[PDB]
Amino acid sequence: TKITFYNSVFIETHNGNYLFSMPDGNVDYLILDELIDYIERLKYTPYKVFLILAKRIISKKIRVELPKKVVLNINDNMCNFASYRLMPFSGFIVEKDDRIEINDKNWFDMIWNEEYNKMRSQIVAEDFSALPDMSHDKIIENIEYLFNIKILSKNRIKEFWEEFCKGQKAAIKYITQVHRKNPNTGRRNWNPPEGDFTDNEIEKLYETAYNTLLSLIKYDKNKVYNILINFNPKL
Amino acid sequence: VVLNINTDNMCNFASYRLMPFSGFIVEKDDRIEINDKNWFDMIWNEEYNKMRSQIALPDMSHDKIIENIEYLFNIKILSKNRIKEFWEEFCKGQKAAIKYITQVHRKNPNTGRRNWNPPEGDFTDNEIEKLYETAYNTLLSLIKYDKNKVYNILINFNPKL
Amino acid sequence: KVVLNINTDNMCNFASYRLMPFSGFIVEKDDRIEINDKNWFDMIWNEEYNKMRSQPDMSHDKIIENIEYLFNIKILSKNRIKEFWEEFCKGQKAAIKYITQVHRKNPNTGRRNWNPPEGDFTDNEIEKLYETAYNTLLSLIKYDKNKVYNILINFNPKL
Amino acid sequence: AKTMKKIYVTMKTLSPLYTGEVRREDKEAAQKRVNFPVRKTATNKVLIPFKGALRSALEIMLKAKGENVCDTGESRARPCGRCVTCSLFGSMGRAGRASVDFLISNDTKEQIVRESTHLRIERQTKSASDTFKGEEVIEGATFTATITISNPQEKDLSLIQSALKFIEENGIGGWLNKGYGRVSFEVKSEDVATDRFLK
Amino acid sequence: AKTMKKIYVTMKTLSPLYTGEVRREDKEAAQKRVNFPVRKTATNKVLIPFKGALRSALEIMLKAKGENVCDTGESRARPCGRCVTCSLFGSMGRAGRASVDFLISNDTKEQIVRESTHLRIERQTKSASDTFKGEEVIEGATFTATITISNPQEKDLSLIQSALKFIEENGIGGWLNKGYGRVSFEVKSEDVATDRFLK
Amino acid sequence: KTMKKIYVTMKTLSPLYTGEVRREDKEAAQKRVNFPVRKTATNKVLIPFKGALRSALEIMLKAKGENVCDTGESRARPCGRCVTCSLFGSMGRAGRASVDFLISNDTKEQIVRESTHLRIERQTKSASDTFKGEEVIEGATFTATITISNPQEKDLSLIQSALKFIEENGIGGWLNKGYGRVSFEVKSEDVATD
Ligand SMILES: [Zn+2]
Ligand SMILES: [Zn+2]
Ligand SMILES: [Zn+2]
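Chains as they are written, first to last, in our numbering: chain A, 1003 to 1237; chain B, 49 to 209; chain C, 31 to 189; chain D, 3 to 201; chain E, 3 to 201; chain F, 26 to 219.
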């Protein structure tokens, strides 16, 4: 930082030859009638003068300025009205960890829909609030067979237990959703059985999974947990 | 405190009756009111009208609505893409939903084609046109009802919308 | 009656009204339509979920050689001996259950819950050492409590 | 111990990037809408683990060179303590000399995370058999990290830069075999004094 | 003497935060679910040790200047009793001037603690070889502590801030090399009379 | 005549440690914990309460301006003239306040947990020394009952001031590392006739 003193501190960096208040070198920022000649004496007229006087020196073809996170506008049709170029804009300033965005109503509408979908899809009817019949051994036999072949998996048994904690009705909803044969694809959400088979047999094992899980929802929680804990040791 | 929300769509979580919600606590002179998104849209139009200034829908019953939406869903008129895009325009305001159902139902004057999905099955041309008008009337009646009941009606035919 | 349990401190002032967007749960009572926040429902979901869920034979001189080896190639450790001693003090049955749990090879991955041997062992010597750990600890099951404590106290002095 | 090497790492994505959500509650809440969520901060920023990627890079490269480097990565394997990766990344005794921060984005999920549709296509029928949705990070997204080596040796920045080239060539995280995770690194190495803060 | 310097320290987490549970019974109850529980209250708020982090920061930095601070971190190593760190945080036979409280969270464990899946991936096969669930603290979680300096000296506050600037660079808690523990401290100090309560 | 009774309930806000004084029970516990917590044989936690209230009023009143007798010093022998020796005890006459031990409301199995405390090296950043110390969980309700006979006017206010000095500094041990910060809730009662 080359500094020189005049009858005036002429610091000469690479970001501009600043001078707080006439050297013969190029002067970039002048940190400033008698006043006008001082600027006229400087060769290579300064880019900005940091100061009634401003009106005149603007008309002397010179820029003025009269005395944190980066702010990014996202909102752009303006108008001349009341001299300065301008637009009406109502919006939202958001304060990010390294920036300040200036968003509009469409952003808030987007995040309103994104939050409302989260809100509305958290409670599903009688949470924590005509089933077929099966003997306990038959439930053990069918869950064991459909656990060896990969239909009732540990993720399926886990997600059965989580919904059955939330009541019988949510468990029937989950089992009906997994067994549902989509009319456009002809496919159920069961994981397909491993081992060579035939589509009638595969459909009957899917039906067996539907009836064995549905006959387990009528049982007591502790009895359901003690049936499934022999297969998925977590839950 | 003055709730400006209809206190419906209330499930029974355990020994508790409740309703998932998102709105605004607009604290005013002694009200501290709880107003929904529709009030905020009004308020945004207030501001974005005032600041610039300085420079008949039919009634069709709810069970008939589920019946008609179910019939149109099984004959491939009100498909899952139609229910999804109707939900996106419904969350964008009721006027955008009128614009969308008008755009989909508008029989183009040159071609003579509406933007619905064609009925699957044997139906006559007059019958097909009456089904298209049924789709317009049923979704236009669904525009009146509030956001929560429209979500319940549309979630039984499109599980992800 | 309505009670707002949501904190009212942070509130912007747009359109000359003090407004604040919230996303919470309007909840019924005997006479209190109360607006309770996200945390309240995490309280009741945790409370309801936790409430609904809350409701052989071998030589002793050969045994000493086996536990030395399996403590020197790091299959058996201080933690294994510690949980073995707790399960021994809770019964014979639960200690057999724990030894079964640790030795159980999962069909999906082929991994047992022991600690792997360090050293240039191939596959079936590691499998034979796992079987050795199984039969050594399950042979220690039938011995009386004083002898098991004197056997384990050489290796894990805390227990 | 008088010096401290600060390697400022700036990673720009040259491909889609995925790293799965590890938080169970956040994964479940996002799996109501997208089957493969991307890993996210609570400040809505994308977090890739970075220490394991660098350590794995240096382990395969130094095992290929024929050095005395063990294999952390095998199931419950014990770090020996005598390698260079045990010096730079840790053993059961001493900790790692290099504190490898997470690769955190400078941007927020609205700007860089997109939900994308992926398929399984039947071979003989040539139609969609399965469909799933996964959140990924867009191309050109810029991520930052600062590796802080305490007690810096002379061959520490070279090994970090070699590991950065290996992560450039194999990918950082996620579905690396499909084309995801191809990135580029910029290295602003420096050597600060440990008493920088004491004025 | 007649004053006490109270440094109210508010720290935000810029990263996932892990500090381990110390309590046998709480850890043993949590290992039925999570192999690495986080350190909490029975009020269900996350506790972080704070005095040892500050002491470790000041010993490393003041030993990097060349001042004759001892190290209270080796096995069997005793405080000498004559350093500035021995005056600020204590010696065997001389109680510390700083009453560093625990970093107590503002929110509870449901808000800020998430169960997270961590892995060990085999280097050659690029497949998961170990899985372990561990609890971590989310980003943007606010913790508060009070460092109450008795017999206040001139350097102390700056020293504490310098120590905080070490913890801002390295981290606080566990898994510090993996990226965990990166935080941001804000200081609000107040010189107060020690007879404030007598009134 | 009318003796002043101060019921002091205490709620633990950061983990409490007070070390065990009885050598036989400390030796019995030394097997499990290096630092056992002070416990009764009724399986309840008792805390010393006289000395903390005393030393609170000592430092507060000493730097206030009223000269007192510094107890806990090299010799620590007090006068019989200053205010602390008129409240919490003098080398001659008994102190006017009987400060009961802060007994707990709960038992050992419900508040007392063993914990891993640590000493980490500053170069390897790994645990050099580990030890096992017992603490009391937060939210644990203790109770005590202060008995000031011959009640002066500046007695309840002084006890409350000392309790605020204890709420900010801590009760028990390991006080600088964060152990011992509590809240105090106070009720008062004069008794006249029985
Ligand atoms: Zn090694
Ligand atoms: Zn010292
Ligand atoms: Zn005295």
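All C-beta atoms, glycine included, are put in the ideal place defined by N, C-alpha and C.
Check whether the Cβ atoms of residue i and residue j sit closer than 7 Å, and answer yes or no.
i	j	result
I111 (chain C)	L182 (chain C)	yes
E177 (chain B)	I123 (chain B)	no
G92 (chain D)	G83 (chain D)	no
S101 (chain D)	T150 (chain D)	yes
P18 (chain E)	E138 (chain E)	yes
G136 (chain E)	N70 (chain E)	no
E78 (chain C)	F1130 (chain A)	yes
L105 (chain B)	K192 (chain B)	yes
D154 (chain F)	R147 (chain F)	no
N129 (chain B)	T186 (chain B)	no
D197 (chain E)	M85 (chain F)	yes
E1203 (chain A)	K1171 (chain A)	no
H1181 (chain A)	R1190 (chain A)	yes
With a cut-off of 7 Å, does the C-beta of residue i fall near any C-beta of chain D?
i	result
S1123 (chain A)	yes
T146 (chain E)	no
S164 (chain E)	yes
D1129 (chain A)	no
Reducing DSSP to helix, strand and coil, say where residue i ends up.
i	result
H90 (chain C)	helix
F52 (chain E)	coil
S127 (chain B)	coil
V1029 (chain A)	coil
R144 (chain F)	strand
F156 (chain F)	strand
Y1208 (chain A)	helix
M94 (chain E)	coil
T149 (chain F)	coil
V189 (chain D)	strand
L209 (chain B)	coil
Determine the closest residue to residue i out of the options, with distance taken between C-alpha atoms.
i	options	result
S80 (chain F)	F:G105, F:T109, F:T67 and F:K64	F:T109
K56 (chain F)	F:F156, F:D131 and F:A101	F:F156
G197 (chain F)	F:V58, F:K26, F:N68 and F:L127	F:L127
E1042 (chain A)	A:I1064, A:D1139, A:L1218 and A:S1131	A:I1064
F69 (chain B)	B:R79, B:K85 and B:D170	B:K85
residue 970 (chain A)	A:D1026, A:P1025, A:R1182 and A:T1003	Here chain A has residues from 1003 to 1237 only, and residue 970 (chain A) is not among them.
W199 (chain F)	F:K51, F:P61 and F:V33	F:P61
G54 (chain E)	F:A101, F:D50 and F:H142	F:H142
Within 7 Å (strictly less), CB to CB, does residue i reach chain A?
i	result
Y96 (chain B)	yes
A62 (chain B)	yes
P166 (chain B)	no
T45 (chain D)	yes
For residue i, collect the residues of the same chain with a Cβ closer than 6 Å to its Cβ; drop the 5 residues on either side in sequence, then sort them by chain order.
i	result
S152 (chain E)	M6 and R99
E117 (chain D)	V36, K135 and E137
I136 (chain F)	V161, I162 and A165
Closer than 7 Å, CB to CB, is residue i near chain C or not?
i	result
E112 (chain E)	yes
Is there a Cβ of chain E sitting closer than 7 Å to that of residue i, yes or no?
i	result
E45 (chain F)	no
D72 (chain C)	yes
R100 (chain F)	no
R26 (chain D)	yes
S58 (chain D)	yes
Here's a check: name, in chain order, each residue in its chain whose Cβ is nearer than 7 Å to the Cβ of residue i, leaving out the five neighbours to either side.
i	result
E170 (chain D)	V185, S186 and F187
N83 (chain B)	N52, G71, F72 and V74
Let me see if you follow: with CB-CB separation under 7 Å, is residue i close to chain B or not?
i	result
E1161 (chain A)	no
Can you list, in chain order, the residues of its chain whose CB lies under 8 Å from that of residue i, leaving out five sequence neighbours each side?
i	result
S127 (chain B)	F121 and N165
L179 (chain B)	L120, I123, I125, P167 and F171
Against chain F, with Cβ distances strictly below 7 Å, would residue i count as a contact?
i	result
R96 (chain D)	yes
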